[PDB]
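Raw protein-v2.pdb, PDB, C-alpha atoms and all ligand atoms:
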ATOM      1  CA  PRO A   5     -93.104   8.053 -54.795  1.00  0.00           C
ATOM      2  CA  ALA A   6     -95.023  11.337 -55.049  1.00  0.00           C
ATOM      3  CA  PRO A   7     -95.534  12.692 -58.590  1.00  0.00           C
ATOM      4  CA  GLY A   8     -94.247  16.025 -59.870  1.00  0.00           C
ATOM      5  CA  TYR A   9     -95.271  17.776 -63.091  1.00  0.00           C
ATOM      6  CA  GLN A  10     -93.458  15.246 -65.294  1.00  0.00           C
ATOM      7  CA  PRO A  11     -95.446  12.258 -66.580  1.00  0.00           C
ATOM      8  CA  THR A  12     -95.542   9.047 -64.556  1.00  0.00           C
ATOM      9  CA  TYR A  13     -95.450   6.127 -66.983  1.00  0.00           C
ATOM     10  CA  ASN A  14     -97.157   2.767 -66.373  1.00  0.00           C
ATOM     11  CA  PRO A  15     -98.448   3.530 -62.881  1.00  0.00           C
ATOM     12  CA  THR A  16     -99.662   0.488 -60.962  1.00  0.00           C
ATOM     13  CA  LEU A  17    -103.303   0.180 -59.919  1.00  0.00           C
ATOM     14  CA  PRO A  18    -104.635   0.865 -57.399  1.00  0.00           C
ATOM     15  CA  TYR A  19    -103.040   4.297 -57.654  1.00  0.00           C
ATOM     16  CA  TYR A  20    -103.369   6.719 -54.737  1.00  0.00           C
ATOM     17  CA  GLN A  21    -100.971   9.656 -54.752  1.00  0.00           C
ATOM     18  CA  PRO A  22    -100.753  13.262 -53.545  1.00  0.00           C
ATOM     19  CA  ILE A  23    -101.476  15.899 -56.185  1.00  0.00           C
ATOM     20  CA  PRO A  24     -98.321  17.990 -56.607  1.00  0.00           C
ATOM     21  CA  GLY A  25     -98.811  21.310 -54.791  1.00  0.00           C
ATOM     22  CA  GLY A  26    -102.400  20.481 -53.875  1.00  0.00           C
ATOM     23  CA  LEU A  27    -105.387  21.140 -56.120  1.00  0.00           C
ATOM     24  CA  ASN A  28    -105.735  24.626 -57.608  1.00  0.00           C
ATOM     25  CA  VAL A  29    -107.730  26.331 -60.351  1.00  0.00           C
ATOM     26  CA  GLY A  30    -106.097  25.927 -63.757  1.00  0.00           C
ATOM     27  CA  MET A  31    -104.593  22.491 -63.091  1.00  0.00           C
ATOM     28  CA  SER A  32    -105.165  19.679 -65.581  1.00  0.00           C
ATOM     29  CA  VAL A  33    -104.884  15.922 -65.040  1.00  0.00           C
ATOM     30  CA  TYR A  34    -104.095  13.840 -68.160  1.00  0.00           C
ATOM     31  CA  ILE A  35    -104.678  10.092 -68.066  1.00  0.00           C
ATOM     32  CA  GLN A  36    -103.625   7.970 -71.059  1.00  0.00           C
ATOM     33  CA  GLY A  37    -104.861   4.411 -70.920  1.00  0.00           C
ATOM     34  CA  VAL A  38    -106.657   1.501 -72.529  1.00  0.00           C
ATOM     35  CA  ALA A  39    -110.124   0.376 -71.455  1.00  0.00           C
ATOM     36  CA  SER A  40    -109.480  -3.357 -71.206  1.00  0.00           C
ATOM     37  CA  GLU A  41    -111.518  -5.943 -73.125  1.00  0.00           C
ATOM     38  CA  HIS A  42    -112.879  -7.414 -69.888  1.00  0.00           C
ATOM     39  CA  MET A  43    -112.875  -4.241 -67.799  1.00  0.00           C
ATOM     40  CA  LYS A  44    -115.673  -4.261 -65.204  1.00  0.00           C
ATOM     41  CA  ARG A  45    -114.543  -1.515 -62.829  1.00  0.00           C
ATOM     42  CA  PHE A  46    -113.066   1.955 -63.290  1.00  0.00           C
ATOM     43  CA  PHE A  47    -113.059   5.080 -61.194  1.00  0.00           C
ATOM     44  CA  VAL A  48    -111.110   8.284 -60.628  1.00  0.00           C
ATOM     45  CA  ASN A  49    -111.466  10.102 -57.291  1.00  0.00           C
ATOM     46  CA  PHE A  50    -110.370  13.562 -56.217  1.00  0.00           C
ATOM     47  CA  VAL A  51    -109.918  12.878 -52.514  1.00  0.00           C
ATOM     48  CA  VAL A  52    -109.661  15.023 -49.387  1.00  0.00           C
ATOM     49  CA  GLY A  53    -106.808  13.176 -47.667  1.00  0.00           C
ATOM     50  CA  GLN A  54    -105.165   9.754 -47.853  1.00  0.00           C
ATOM     51  CA  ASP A  55    -107.066   7.854 -45.145  1.00  0.00           C
ATOM     52  CA  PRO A  56    -109.784   5.320 -45.990  1.00  0.00           C
ATOM     53  CA  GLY A  57    -113.185   6.962 -45.576  1.00  0.00           C
ATOM     54  CA  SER A  58    -111.842  10.377 -46.588  1.00  0.00           C
ATOM     55  CA  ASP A  59    -114.289  12.733 -48.303  1.00  0.00           C
ATOM     56  CA  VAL A  60    -114.295  12.512 -52.104  1.00  0.00           C
ATOM     57  CA  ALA A  61    -114.852  15.897 -53.754  1.00  0.00           C
ATOM     58  CA  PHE A  62    -115.402  14.273 -57.148  1.00  0.00           C
ATOM     59  CA  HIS A  63    -115.994  10.603 -57.896  1.00  0.00           C
ATOM     60  CA  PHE A  64    -115.902   9.837 -61.641  1.00  0.00           C
ATOM     61  CA  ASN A  65    -117.275   6.349 -62.299  1.00  0.00           C
ATOM     62  CA  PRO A  66    -117.984   4.738 -65.677  1.00  0.00           C
ATOM     63  CA  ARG A  67    -120.464   1.905 -64.998  1.00  0.00           C
ATOM     64  CA  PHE A  68    -121.422  -1.123 -67.077  1.00  0.00           C
ATOM     65  CA  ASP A  69    -124.123  -3.059 -65.155  1.00  0.00           C
ATOM     66  CA  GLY A  70    -127.222  -2.794 -67.313  1.00  0.00           C
ATOM     67  CA  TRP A  71    -127.208   0.290 -69.533  1.00  0.00           C
ATOM     68  CA  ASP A  72    -123.743   1.803 -69.750  1.00  0.00           C
ATOM     69  CA  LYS A  73    -123.349   5.258 -68.206  1.00  0.00           C
ATOM     70  CA  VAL A  74    -120.924   7.488 -66.332  1.00  0.00           C
ATOM     71  CA  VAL A  75    -121.768   8.438 -62.756  1.00  0.00           C
ATOM     72  CA  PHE A  76    -120.515  11.579 -60.995  1.00  0.00           C
ATOM     73  CA  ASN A  77    -120.862  12.182 -57.249  1.00  0.00           C
ATOM     74  CA  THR A  78    -119.411  13.538 -54.003  1.00  0.00           C
ATOM     75  CA  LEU A  79    -118.824  11.730 -50.687  1.00  0.00           C
ATOM     76  CA  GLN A  80    -118.976  14.127 -47.729  1.00  0.00           C
ATOM     77  CA  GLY A  81    -119.011  13.330 -44.022  1.00  0.00           C
ATOM     78  CA  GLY A  82    -119.503   9.678 -44.868  1.00  0.00           C
ATOM     79  CA  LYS A  83    -122.541  10.482 -47.021  1.00  0.00           C
ATOM     80  CA  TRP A  84    -122.885  10.045 -50.796  1.00  0.00           C
ATOM     81  CA  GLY A  85    -124.759  12.901 -52.431  1.00  0.00           C
ATOM     82  CA  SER A  86    -127.279  13.037 -55.244  1.00  0.00           C
ATOM     83  CA  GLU A  87    -125.867  11.092 -58.189  1.00  0.00           C
ATOM     84  CA  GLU A  88    -125.372  12.783 -61.560  1.00  0.00           C
ATOM     85  CA  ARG A  89    -125.404  10.507 -64.604  1.00  0.00           C
ATOM     86  CA  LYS A  90    -124.537  10.915 -68.243  1.00  0.00           C
ATOM     87  CA  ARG A  91    -126.256   8.146 -70.217  1.00  0.00           C
ATOM     88  CA  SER A  92    -123.510   7.581 -72.721  1.00  0.00           C
ATOM     89  CA  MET A  93    -120.211   5.788 -72.742  1.00  0.00           C
ATOM     90  CA  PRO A  94    -117.171   7.519 -74.295  1.00  0.00           C
ATOM     91  CA  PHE A  95    -114.824   4.618 -73.484  1.00  0.00           C
ATOM     92  CA  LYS A  96    -114.890   1.657 -75.869  1.00  0.00           C
ATOM     93  CA  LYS A  97    -114.113  -2.044 -75.419  1.00  0.00           C
ATOM     94  CA  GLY A  98    -110.373  -2.597 -75.735  1.00  0.00           C
ATOM     95  CA  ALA A  99    -109.809   0.969 -76.921  1.00  0.00           C
ATOM     96  CA  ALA A 100    -107.112   3.500 -76.063  1.00  0.00           C
ATOM     97  CA  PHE A 101    -108.360   6.721 -74.466  1.00  0.00           C
ATOM     98  CA  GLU A 102    -107.182  10.122 -73.350  1.00  0.00           C
ATOM     99  CA  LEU A 103    -109.082  11.267 -70.259  1.00  0.00           C
ATOM    100  CA  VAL A 104    -108.551  14.885 -69.138  1.00  0.00           C
ATOM    101  CA  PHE A 105    -109.841  16.723 -66.069  1.00  0.00           C
ATOM    102  CA  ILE A 106    -109.439  20.499 -66.147  1.00  0.00           C
ATOM    103  CA  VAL A 107    -110.005  22.190 -62.791  1.00  0.00           C
ATOM    104  CA  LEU A 108    -111.896  25.427 -63.380  1.00  0.00           C
ATOM    105  CA  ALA A 109    -113.461  27.771 -60.837  1.00  0.00           C
ATOM    106  CA  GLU A 110    -116.990  26.487 -61.503  1.00  0.00           C
ATOM    107  CA  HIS A 111    -116.488  22.812 -62.285  1.00  0.00           C
ATOM    108  CA  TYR A 112    -114.254  19.941 -63.243  1.00  0.00           C
ATOM    109  CA  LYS A 113    -114.307  19.914 -67.051  1.00  0.00           C
ATOM    110  CA  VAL A 114    -114.025  16.325 -68.336  1.00  0.00           C
ATOM    111  CA  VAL A 115    -112.728  15.792 -71.869  1.00  0.00           C
ATOM    112  CA  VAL A 116    -112.428  12.349 -73.494  1.00  0.00           C
ATOM    113  CA  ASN A 117    -110.431  11.823 -76.702  1.00  0.00           C
ATOM    114  CA  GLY A 118    -110.539  15.575 -77.309  1.00  0.00           C
ATOM    115  CA  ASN A 119    -114.341  15.781 -77.034  1.00  0.00           C
ATOM    116  CA  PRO A 120    -115.899  17.678 -74.129  1.00  0.00           C
ATOM    117  CA  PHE A 121    -117.857  15.110 -72.108  1.00  0.00           C
ATOM    118  CA  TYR A 122    -119.110  16.647 -68.862  1.00  0.00           C
ATOM    119  CA  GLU A 123    -118.829  19.564 -66.448  1.00  0.00           C
ATOM    120  CA  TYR A 124    -119.124  18.476 -62.799  1.00  0.00           C
ATOM    121  CA  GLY A 125    -119.946  21.442 -60.590  1.00  0.00           C
ATOM    122  CA  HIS A 126    -117.958  21.769 -57.376  1.00  0.00           C
ATOM    123  CA  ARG A 127    -119.771  20.655 -54.240  1.00  0.00           C
ATOM    124  CA  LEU A 128    -116.806  20.738 -51.838  1.00  0.00           C
ATOM    125  CA  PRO A 129    -114.290  23.571 -52.187  1.00  0.00           C
ATOM    126  CA  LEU A 130    -111.750  22.363 -54.730  1.00  0.00           C
ATOM    127  CA  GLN A 131    -108.869  23.489 -52.495  1.00  0.00           C
ATOM    128  CA  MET A 132    -109.707  20.713 -50.008  1.00  0.00           C
ATOM    129  CA  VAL A 133    -108.573  18.078 -52.532  1.00  0.00           C
ATOM    130  CA  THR A 134    -105.123  16.613 -51.835  1.00  0.00           C
ATOM    131  CA  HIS A 135    -104.962  13.192 -53.544  1.00  0.00           C
ATOM    132  CA  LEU A 136    -105.800  11.434 -56.793  1.00  0.00           C
ATOM    133  CA  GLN A 137    -107.060   7.852 -56.588  1.00  0.00           C
ATOM    134  CA  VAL A 138    -107.491   5.653 -59.655  1.00  0.00           C
ATOM    135  CA  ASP A 139    -108.469   1.991 -59.817  1.00  0.00           C
ATOM    136  CA  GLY A 140    -109.993  -0.584 -62.131  1.00  0.00           C
ATOM    137  CA  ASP A 141    -108.950  -3.601 -64.165  1.00  0.00           C
ATOM    138  CA  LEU A 142    -107.592  -1.474 -67.002  1.00  0.00           C
ATOM    139  CA  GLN A 143    -104.105  -0.504 -68.162  1.00  0.00           C
ATOM    140  CA  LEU A 144    -102.764   3.002 -67.695  1.00  0.00           C
ATOM    141  CA  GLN A 145     -99.950   4.232 -69.926  1.00  0.00           C
ATOM    142  CA  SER A 146     -99.426   7.496 -68.047  1.00  0.00           C
ATOM    143  CA  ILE A 147    -100.753  10.032 -65.565  1.00  0.00           C
ATOM    144  CA  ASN A 148     -99.609  13.637 -65.869  1.00  0.00           C
ATOM    145  CA  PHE A 149    -100.310  16.781 -63.864  1.00  0.00           C
ATOM    146  CA  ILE A 150    -100.105  20.195 -65.530  1.00  0.00           C
ATOM    147  CA  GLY A 151     -99.994  23.051 -63.034  1.00  0.00           C
ATOM    148  CA  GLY A 152    -102.404  25.954 -63.322  1.00  0.00           C
TER
HETATM  149 CA    CA B 201    -123.677  -2.687 -69.842  1.00  0.00          CA
END
structure tokens encoding of this file:
Amino acid sequence: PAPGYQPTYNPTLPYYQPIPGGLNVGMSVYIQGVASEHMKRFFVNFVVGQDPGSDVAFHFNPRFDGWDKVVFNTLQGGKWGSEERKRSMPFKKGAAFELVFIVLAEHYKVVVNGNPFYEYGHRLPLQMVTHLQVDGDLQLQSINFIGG
């Protein structure tokens, strides 16, 4: 079922749902979860459409092979762009987290546990984004959309 502006508790992964009202400036996405002890995969995508192969305006991808880092990128016309990386890891083994994306005119502002983490500049117009996709072997307590 499509989300509204009330929290969705214990969503099942993989999660792939339409953003209520489409994506607009001022909107925030709140994700409460726990980064599992044996978590190997985790990503959040702001997607243009619901079909496989759809463009991804913003791919947010904590990575753990070798040195831990968070990767940020865009998939457009079947092509991945130049990767951005932040060489630090704000998620901790087995630890609860609050992950927030605030959609501003210039960038997605990413805040983790109340601490500003990154600002991903828009590459595709943010208004093209229609769906939120989340997957990984972690446990989500809730996903919540706050309208702008
Ligand atoms: Ca590692």
Starting from the PyMOL selection byres (((not hetatm)) within 10 of (chain B and resi 201)), expand the selection into actual residues of this file and give them as a count of residues only.
9
Could you build a table of the residues in range 13-41 of chain A lying no more than 7 Å from range 132-135 of chain A, giving for each the nearest pair of atoms and their separation in Å rounded to one decimal place, using all atoms listed in the file, ordered by chain and ascending residue number, as JSON lines?
{"residue": "A:20", "atom": "CA", "partner": "A:135", "partner_atom": "CA", "distance": 6.8}
{"residue": "A:21", "atom": "CA", "partner": "A:135", "partner_atom": "CA", "distance": 5.5}
{"residue": "A:22", "atom": "CA", "partner": "A:135", "partner_atom": "CA", "distance": 4.2}
{"residue": "A:23", "atom": "CA", "partner": "A:135", "partner_atom": "CA", "distance": 5.1}
{"residue": "A:26", "atom": "CA", "partner": "A:134", "partner_atom": "CA", "distance": 5.2}
{"residue": "A:27", "atom": "CA", "partner": "A:133", "partner_atom": "CA", "distance": 5.7}
Picked residues, the PyMOL selection byres (((chain A and resi 34) around 9) and not hetatm), expected as a PyMOL selection string
chain A and resi 11+32-33+35-36+102-106+146-150
Report as a PDB file with C-alpha atoms, in the frame of the given file the full result of the PyMOL selection byres (((chain A and resi 112-120) around 12) and not hetatm) when it is applied to this structure.
ATOM      1  CA  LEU A  27    -105.387  21.140 -56.120  1.00  0.00           C
ATOM      2  CA  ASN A  28    -105.735  24.626 -57.608  1.00  0.00           C
ATOM      3  CA  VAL A  29    -107.730  26.331 -60.351  1.00  0.00           C
ATOM      4  CA  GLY A  30    -106.097  25.927 -63.757  1.00  0.00           C
ATOM      5  CA  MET A  31    -104.593  22.491 -63.091  1.00  0.00           C
ATOM      6  CA  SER A  32    -105.165  19.679 -65.581  1.00  0.00           C
ATOM      7  CA  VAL A  33    -104.884  15.922 -65.040  1.00  0.00           C
ATOM      8  CA  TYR A  34    -104.095  13.840 -68.160  1.00  0.00           C
ATOM      9  CA  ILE A  35    -104.678  10.092 -68.066  1.00  0.00           C
ATOM     10  CA  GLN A  36    -103.625   7.970 -71.059  1.00  0.00           C
ATOM     11  CA  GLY A  37    -104.861   4.411 -70.920  1.00  0.00           C
ATOM     12  CA  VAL A  38    -106.657   1.501 -72.529  1.00  0.00           C
ATOM     13  CA  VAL A  48    -111.110   8.284 -60.628  1.00  0.00           C
ATOM     14  CA  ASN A  49    -111.466  10.102 -57.291  1.00  0.00           C
ATOM     15  CA  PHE A  50    -110.370  13.562 -56.217  1.00  0.00           C
ATOM     16  CA  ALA A  61    -114.852  15.897 -53.754  1.00  0.00           C
ATOM     17  CA  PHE A  62    -115.402  14.273 -57.148  1.00  0.00           C
ATOM     18  CA  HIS A  63    -115.994  10.603 -57.896  1.00  0.00           C
ATOM     19  CA  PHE A  64    -115.902   9.837 -61.641  1.00  0.00           C
ATOM     20  CA  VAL A  74    -120.924   7.488 -66.332  1.00  0.00           C
ATOM     21  CA  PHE A  76    -120.515  11.579 -60.995  1.00  0.00           C
ATOM     22  CA  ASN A  77    -120.862  12.182 -57.249  1.00  0.00           C
ATOM     23  CA  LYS A  90    -124.537  10.915 -68.243  1.00  0.00           C
ATOM     24  CA  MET A  93    -120.211   5.788 -72.742  1.00  0.00           C
ATOM     25  CA  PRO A  94    -117.171   7.519 -74.295  1.00  0.00           C
ATOM     26  CA  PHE A  95    -114.824   4.618 -73.484  1.00  0.00           C
ATOM     27  CA  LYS A  96    -114.890   1.657 -75.869  1.00  0.00           C
ATOM     28  CA  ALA A  99    -109.809   0.969 -76.921  1.00  0.00           C
ATOM     29  CA  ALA A 100    -107.112   3.500 -76.063  1.00  0.00           C
ATOM     30  CA  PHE A 101    -108.360   6.721 -74.466  1.00  0.00           C
ATOM     31  CA  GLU A 102    -107.182  10.122 -73.350  1.00  0.00           C
ATOM     32  CA  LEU A 103    -109.082  11.267 -70.259  1.00  0.00           C
ATOM     33  CA  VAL A 104    -108.551  14.885 -69.138  1.00  0.00           C
ATOM     34  CA  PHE A 105    -109.841  16.723 -66.069  1.00  0.00           C
ATOM     35  CA  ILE A 106    -109.439  20.499 -66.147  1.00  0.00           C
ATOM     36  CA  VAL A 107    -110.005  22.190 -62.791  1.00  0.00           C
ATOM     37  CA  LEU A 108    -111.896  25.427 -63.380  1.00  0.00           C
ATOM     38  CA  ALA A 109    -113.461  27.771 -60.837  1.00  0.00           C
ATOM     39  CA  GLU A 110    -116.990  26.487 -61.503  1.00  0.00           C
ATOM     40  CA  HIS A 111    -116.488  22.812 -62.285  1.00  0.00           C
ATOM     41  CA  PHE A 121    -117.857  15.110 -72.108  1.00  0.00           C
ATOM     42  CA  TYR A 122    -119.110  16.647 -68.862  1.00  0.00           C
ATOM     43  CA  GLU A 123    -118.829  19.564 -66.448  1.00  0.00           C
ATOM     44  CA  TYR A 124    -119.124  18.476 -62.799  1.00  0.00           C
ATOM     45  CA  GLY A 125    -119.946  21.442 -60.590  1.00  0.00           C
ATOM     46  CA  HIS A 126    -117.958  21.769 -57.376  1.00  0.00           C
ATOM     47  CA  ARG A 127    -119.771  20.655 -54.240  1.00  0.00           C
ATOM     48  CA  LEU A 128    -116.806  20.738 -51.838  1.00  0.00           C
ATOM     49  CA  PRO A 129    -114.290  23.571 -52.187  1.00  0.00           C
ATOM     50  CA  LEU A 130    -111.750  22.363 -54.730  1.00  0.00           C
TER      51      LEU A 130
END
In Å, how far is it from CA of residue 43 in chain A to CA of residue 60 in chain A?
23.0 Å
I'd like the contact shell of residue 141 in chain A - 9 Å cut-off, all atoms listed in the file, skipping same-chain residues fewer than 4 positions apart - returned as a PDB file with C-alpha atoms, keeping the file's coordinate frame.
ATOM      1  CA  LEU A  17    -103.303   0.180 -59.919  1.00  0.00           C
ATOM      2  CA  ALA A  39    -110.124   0.376 -71.455  1.00  0.00           C
ATOM      3  CA  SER A  40    -109.480  -3.357 -71.206  1.00  0.00           C
ATOM      4  CA  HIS A  42    -112.879  -7.414 -69.888  1.00  0.00           C
ATOM      5  CA  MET A  43    -112.875  -4.241 -67.799  1.00  0.00           C
ATOM      6  CA  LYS A  44    -115.673  -4.261 -65.204  1.00  0.00           C
ATOM      7  CA  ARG A  45    -114.543  -1.515 -62.829  1.00  0.00           C
ATOM      8  CA  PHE A  46    -113.066   1.955 -63.290  1.00  0.00           C
TER       9      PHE A  46
END
Mind giving me the straight-line distance from CA of residue 97 in chain A to CA of residue 142 in chain A in Å, one decimal?
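Taking CA of residue 97 in chain A and CA of residue 142 in chain A, their separation equals 10.7 Å.
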Range 77-93 of chain A, all listed atoms, 5 Å padding on each side: what axis-aligned box centre and edge lengths in Å to one decimal come out, as AutoDock Vina command-line options?
--center_x -123.1 --center_y 10.0 --center_z -58.4 --size_x 18.5 --size_y 18.3 --size_z 38.7
Dump as a list in words all residues having an atom at most 12 Å from (-100.4, 2.9, -55.0), computed in the file's coordinates with all atoms listed in the file.
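It turns out the residues near that spot are residues 5, 6, 7, 14, 15, 16, 17, 18, 19, 20, 21, 22, 54, 135, 136, 137, 138 and 139 of chain A.
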Which distance in Å separates CA of residue 98 in chain A and CA of residue 47 in chain A, to one decimal?
16.7 Å
